[PDB]
Every structure is written in C-alpha cells, then in structure tokens.
2 protein chains.
Amino acid sequence: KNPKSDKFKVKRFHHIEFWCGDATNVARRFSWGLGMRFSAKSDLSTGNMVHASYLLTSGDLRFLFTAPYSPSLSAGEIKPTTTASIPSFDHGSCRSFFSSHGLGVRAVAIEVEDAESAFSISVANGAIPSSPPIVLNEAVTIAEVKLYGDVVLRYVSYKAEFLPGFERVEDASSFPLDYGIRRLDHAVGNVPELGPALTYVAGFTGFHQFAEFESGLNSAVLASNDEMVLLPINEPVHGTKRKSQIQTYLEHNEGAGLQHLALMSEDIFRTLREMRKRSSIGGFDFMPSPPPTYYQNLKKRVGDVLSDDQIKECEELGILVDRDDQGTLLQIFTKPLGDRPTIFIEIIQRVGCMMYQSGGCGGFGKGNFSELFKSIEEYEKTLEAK
Amino acid sequence: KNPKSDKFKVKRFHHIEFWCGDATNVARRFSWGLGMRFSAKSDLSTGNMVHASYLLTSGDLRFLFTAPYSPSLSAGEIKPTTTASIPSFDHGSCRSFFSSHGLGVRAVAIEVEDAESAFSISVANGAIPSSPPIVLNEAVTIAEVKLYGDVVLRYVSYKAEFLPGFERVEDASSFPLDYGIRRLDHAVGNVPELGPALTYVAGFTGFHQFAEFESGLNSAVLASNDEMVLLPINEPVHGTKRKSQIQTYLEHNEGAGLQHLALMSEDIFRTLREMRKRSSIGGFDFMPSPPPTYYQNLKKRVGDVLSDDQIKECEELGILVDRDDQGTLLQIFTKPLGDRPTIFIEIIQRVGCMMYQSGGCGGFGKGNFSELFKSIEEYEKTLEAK
Ligand SMILES: CS(=O)(=O)c1ccc([C@@H](O)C2[C@H](O)CCC[C@H]2O)c(Cl)c1OCCC1OCCO1
Ligand SMILES: CS(=O)(=O)c1ccc([C@@H](O)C2[C@H](O)CCC[C@H]2O)c(Cl)c1OCCC1OCCO1
Ligand SMILES: [Co+2]
Ligand SMILES: [Co+2]
C-alpha cells in the first residue's frame, strides 16, 4: 500500500556529496572507476577561497566531492561576504566529519518543489535543522536537515546548471567516460536503532514504508509518493555467531552513517565489464563472486526472465539476481570505497514493473542473503564430496 | 668541488611517505597516473589497527600513502603494545599535518648504513629529533629528524622486504603497471628563509652544496658524498611584479613543506606518452607546453645532443631541455597533485656524465627560467607581427 503521505513535493534524487580530505584525488579515482565525467567545479580557479568542490556526472547521477582549503585563505570573510558556493559548508564541520568518520557521504540531496517550504515543513514535523534555506543568485534554493548520524538530507529547488558559482569544466579536462550508470536508485543508512530512525525520518518527510516482498540486521525502506526516492535503513541484530556487519560498520565509522549507494545502470553487463577491467588499475574492487551453484540455482529461480546465456553472463561478472512478485533485480556490490570497512557501492538494474518503470521494481535483494548462504553450503558439500 | 663531508654513511633515497585523509583513494589515483604497482600493505587486513599504509613501486621509486583509522580501534594500545607498523605514526600528528597542509609529503626517507648512528650523529650536530631509533623485528631500524616545516628526514637501515609488518600484495590486486619511472632524483623544499634552512640541514648531515652551472626565488642544493641524495631548497624573493610562486606555496601550504618530487625515467618519451594519455581519465595534468619558438631555440642549444626528430618528440610531449657544462636534462612538470597549489611532480631524464651516471648530471633546469621567458616573448611577437 502507498498512502502517498509526502508532506511536501519531492521530485528525484539530485546529488550525493562526499566530504573528503583531498577532493581532487577522490574525484579522479571515482571518475575512472565508475565512468563518470568531470562536469562542474567550484574552487580557487572560480574564486572560491573556502572549499574545493568537483562534480562528476553519469546520466542523471551526480557525485560531488568537497574538501576545505586552509581557513587562512578566507579568514577575512563572513557569511554575508563568503566566496563559498555551498553556503552550508564549514571548515570545522568538514574536518570534524572526516576525522570522525573518514571518507563518506555528508549529504543525500533530493530535488523538491520548494526547498524553503520543504525545510519549514520538515522542521515543523520534527526534523533537526542543519542549514537554513539560502537562495543562490535568485535561482536555486538549498536547505539541510539531519538525516542520521552526521549525514544530512539536502533539499534543492530550482526556479528554472548545478549550482550558481560552479563553472562547467573545459572539455579538455572533461573526458566523456561512460560505463552505463544513469541514476541513483537508493541510498542506505546504518543506524544503532532502526525504530527511532524510521519514526524520525518518516515523521518529518511523510515518506511511507515501502512494501517488502542469521542476517545480522533488520531493515526497512522509506519511500516518496511515487517511490522514486528510496531510503532504506538498517540496524544491527545482536546475538548471532558471525558478528553483525552493521555493528562492524558502526564501530569503524564512529556511529551511524551512509552504508551504500545503489547506482542504476542501463546495461549492468557493460557497466561491470568496464568496472572490473579497471579494478586493479585505480578503480573499484568487487565482492567475491558466488559459487557456480548459485548460478545453477538461478535457472530454477529466474529461467523465465533470463536466458541461459544471460545467466552465464551474470556468472562471468559475479552478478546477483533476486526476484519479487512484480520484478527482477540484478545487483552486485563493491568492496569499501576507502580505507575503512564502511561505505560501499551497489550497481543495480531492474526488469519488470512497466507502466516508465515503477520505483523499487524487484525489491532490494533481501532474498540473496538466503540464496547466497544456501549456494555456499551446496558448493562446499559438492567440493568435499568430489 | 665535493668535500665529501657526510657525517654518516648515506646510501640512496629509499621512499617518500604521503600523509593522506584516505590512503586508498590517493594510492589508487597515483598508481594509475604514474604507472606504479601496488607492492605492499599494512592495514586492518594485516592486523594494523592504527593506520592504513599502502606502498607503490616503480623500479626503485617507492611511494608510501598513510592515513589514520579511528583512534577508538586502538584505544587500548600503548606504544609497547602497538599494532602500528610505522612506530613514529601518531593519529593526532597526522590529522594535524593534513588539516594544516593538505595532501603532501610527511617523510623523505633515505637508506643509511645505521639509522641509530645516523640519528645520534644528526642530533649531536643540531638536528631536531622527531622520532627516536626503533628496531623493527631485529631487522630494520627507523629514525626521524625534522627537515623543514612538518617534513621529516627519515633514516632507514637494514641488517640484510619494505618494513616488518607489511605484507606483499596478492598479484590479483597488483597489476604490473610501468610507464618507465625508476627512481627519485631529487626532493625540493620551499622555506621562508633559505640561509638558516641550509645551515641547519648541512649542519647535521654534512651534506655539501652541489655546484650550480625575475625568478621570484633563490635556491641551493645540498648533496650527499656521491651526490645521489639531492635536496634543493627554495626561498621566495619579494619585490618583483609577478608574485613569487614560492610565497604563494607558503601561503596555501601554511608554511614550509615539500615543493616537488623529481622522478627519473629511463625513457621520458614513453613516460610522458603514458601519463598524458591518462591526464583526463584519473591521472596527472601537465603544465602548459612551451611555444614552438622554445623548440626552435632547442636546435641551437642542444642540436648536438638531440636530433631534429628527438627535438620534435620533445615538442610533441611538452618536454623542457636544459644543459650544463657536463650534461643535458630533459624535464617536465605536473600541475599540483591535489587540491592546493602546493606540491607537484617533475619527470626527468639526464644524459651525459658517464663514468654509471653521476648524480645531478645537467643540473636542475635553472636555465629554463630564462629560456621559457625568452621563448614566450618571441612567440607573442611572432603572433602579433603575423
Ligand atoms: C549478502 S547480499 O545478498 O550481498 C546483499 C543483498 C542486498 C543488499 C542491500 O542492497 C539491501 C538494500 O539496499 C536495503 C535492504 C537491506 C540491504 O541489505 C546488501 Cl547490502 C547485500 O549485502 C552486500 C554487501 C555485504 O558484503 C558482505 C555481506 O554483504
Ligand atoms: C619555469 S621552469 O624552468 O618550468 C622550472 C625549472 C626547474 C625547476 C626545478 O626543478 C628546480 C630544481 O629542482 C631545484 C632548483 C630550483 C628549481 O626551480 C622548476 Cl620547479 C621549474 O618550474 C616548474 C614549475 C613552475 O610552474 C609554474 C612556474 O614553474
Ligand atoms: Co541496496
Ligand atoms: Co627539480
């Protein structure tokens, strides 16, 4: 059921901002690893004495990487005279965030009808304010409320190209990389306590619970009216033999934070071929592939959706497959993006639920916890028996 | 003249350590941009709860990238029980260094006969101690003294493979990249006052002044007995029309620090072809090339060393050329390695001074300050006149 209870008009995911020690090196690594183009910048060369911010894009996916300069460069500025292009940025907040959590997502940004109204309604309904609505060049409004941990939900609204003060990148520095990624599908947080986190976020957004279909986790998914903004949240489950991976996350991250970003590809086979070719030459590594038994079991589970050849291509690339009552999902996960075993990326492509494709078609892959465990058990038994 | 006055036995440059916010992303960017292989690691997977350190190598060049984990992971350790593989590492020092200076070189490491004796002799002769000699696994000794700013000169000596506690990298993660770089030629510091810096470093090393052959700088070069360890130092010159680039460095770096690393290539043409192909797909950018007049003037300056075709290849790749009374130098410079206009890299190859090739053959390219200025003037006059 979808009660369509959004308290303000939400459009789509807009961008994700990483807070970095050095934005240049992270942005260049991510560009090559994910096939995203350098599309905009705000830094010393554009008159920003406060922070360096670089924007990568692939289709509608926008990744922003931001790091602070020495405060001495802007020591004479005040907020009314700032050269920062992102008015919510603060040197101390950014250094403290990065010291505490390491490389990770500071902002999950959604485009809304009116960021000032979204902010006001959110705070009136319990949201903890983080940055008030600020109008940039009478053209774009940006505001921020706390989401979980030190992650903020950022609202952006446009009167009518990323943000004023950003310059498009001269095409010599903009190599047109593209491995097929096209948009952010969902963004997932890890929290110590799921219940209060859900009550808080659903309380101030009106987002509803998205319908779902040992593990070490409990999870639930909040969704916007058209279910195109999807925000799963996990908590750890204490009491099992293999330690909860969510708890390990919270320890290494110093608390709640963004766990994974799921990036929709329009051709997950091409995306994974391209990303895997680059894993050991500066790109991203992937989780170890499931055993051949997992792909043997795929035929019985999705043989009506995927041909034998398409299943064998999934096996070549290590792709996981899960299925709903309405759709089928192809997914795969990277190893952690940085030094700490915290944030990682998921590549996903969904088949079915055609109307456009409805949001969340096929679910989030919860069935693969069981299917993976099952397939490993079968594989070890096959090996021992042979 | 070479008085050969080293106060202890110095062998060669050993490694350069960068202090990072996230070592993984910087190391992966540098690996792809410079063609260096991942060769060793010390991190959570090797039992190090304190810092993540990744070693890249190309020939004898060794770049180490280190970042701190959350202090909470090691909060119960003391130095006698540490899981750090680099005993001089400190969470607070590393965060403070990076907050102050951004991404840059913390340690210039030279291999010596006996690091404990080198440390003792250095401090007895004025060196400010930074980390005392520590013997690792009865096999390697490491010690550190202050060089300039927050850069240390690190001594390493081996009884008899990088450092105990580091693990060789499984060849699946070790792609055998190689663009031709083979060793560190020189490492250059920017300081506010050259005189005292030289007196200090030459005071405690016994290094002698290496013989040299508007600019905004004064510079001098300290050298070990066989002139294979080369440490140029620059100070700003105030009073000119175009602001001293050394002063700009000191402002953005919050003081003295390492300005550039010069990496010797065994085939500078191949190195630059490979690095330039990757500039816009995650690698390093280069300074704008000199005008065609510079390469027209090359024929009159080095036509006896380089054929017309070799000169045209220099022009294709933007390579600069300078000449001594003893040798010729091919060189080119990157744009800054990170967000701040501070540290950059030089690629160099030297021809002549055969005995082995003597250190510093051809100088450091000081003649290119004049030759570049001259050639730009000629080019603008050609364009206006045509
Ligand atoms: C074992 S799994 O079936 O690989 C698998 C399936 C689905 C999802 C996610 O996308 C899900 C979704 O977005 C929200 C709901 C819950 C969440 O779990 C993951 Cl995070 C996942 O774990 C991958 C990394 C990890 O590496 C070691 C073990 O797993
Ligand atoms: C104009 S230059 O002739 O490109 C040139 C020639 C030689 C050297 C160095 O290696 C030299 C050496 O190691 C030690 C002695 C002095 C030092 O200067 C440089 Cl740093 C250099 O500037 C490059 C970057 C900068 O970018 C904008 C202007 O220059
Ligand atoms: Co997911
Ligand atoms: Co140089």
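Chain letters run A, B, ... following the sequence lines, proteins first, then strands; residues in each count from 1. Read the numbers this way: they start at 1 and go in the same order the structure lists the ligands and their atoms.
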Is the distance from the Co ion (ligand 4) to the nearest N/O/S atom of B:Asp185 under 2.8 Å? no

Counting only heavy atoms, tell me which of A:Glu371, A:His186, A:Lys366, A:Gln331 gets closest to atom 13 (O) of ligand 1. A:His186

Spacing of CD1 belonging to A:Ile311 relative to CG belonging to A:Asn297, to within rounding of 0.5 Å: 10.5 Å

Between B:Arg350 and B:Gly363, is there a donor-acceptor pair closer than 3.5 Å when you use the side chain of the first and the backbone of the second? yes

Taking the six-membered ring of B:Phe18 as reference, does the NZ or CZ atom of B:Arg62 fall below 6.0 Å from its centre and within a 45° cone about the axis? no

Where does the angle between the aromatic ring planes of A:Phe364 and A:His186 fall among parallel (under 30°), tilted (30 to 60°) and perpendicular (over 60°)? perpendicular

Can you check whether B:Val188 reaches B:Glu346 side chain to side chain, under 4.5 Å on heavy atoms? no

Check each atom of ligand 1 against the heavy atoms of A:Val188 and keep those under 4.0 Å away; list them by number with element. 13 (O)

If I consider every N, O or S atom in B:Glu346, which one ends up closest to the Co ion (ligand 4)? I only need its name. OE1

Identity of the nearest option to atom 27 (C) of ligand 1, non-hydrogen atoms only, from A:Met287, A:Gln245, A:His260: A:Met287

Tell me whether B:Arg301 contacts the main-chain N or O of B:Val321 through its side chain, where contact means a donor paired with an acceptor under 3.5 Å. yes

So, do A:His15 and A:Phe63 sit near enough that their side-chain heavy atoms are less than 4.5 Å apart? no

Proximal atoms of ligand 1 relative to A:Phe364 (non-hydrogen, under 4.0 Å): 7 (C), 8 (C), 9 (C), 10 (O), 11 (C), 12 (C), 13 (O), 14 (C)

Taking only heavy atoms of A:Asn368, which atoms of ligand 1 are found under 4.0 Å from at least one of them? 3 (O)

Show me which atoms of ligand 1 lie under 4.0 Å from any heavy atom of A:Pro232. 14 (C)

Please check if atom CD in A:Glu266 has more than 12 non-hydrogen atoms from other residues, nucleotides or ligands closer than 6.0 Å. yes

At the 4.0 Å heavy-atom cut-off, does A:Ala262 count as touching ligand 1? no

Closest to atom 21 (C) of ligand 1 among A:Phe210, A:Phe344, A:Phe333 (heavy-atom distance): A:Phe333

Pull out every atom of ligand 1 sitting under 4.0 Å from any heavy atom of A:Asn234, numbered as shown with elements. 16 (C)

Atoms in ligand 1 with a heavy atom of A:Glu346 nearer than 4.0 Å: 10 (O)

If we only consider heavy atoms of A:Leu320, is any one of them less than 4.0 Å away from an atom in ligand 1? yes

Between NE2 of A:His186 and NE2 of A:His260, what angle is found at the Co ion (ligand 3), rounded to 10 degrees? 100°

Is the shortest distance from a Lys or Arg side-chain nitrogen in A:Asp267 or A:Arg182 to a carboxylate oxygen in the other one below 4.0 Å? no

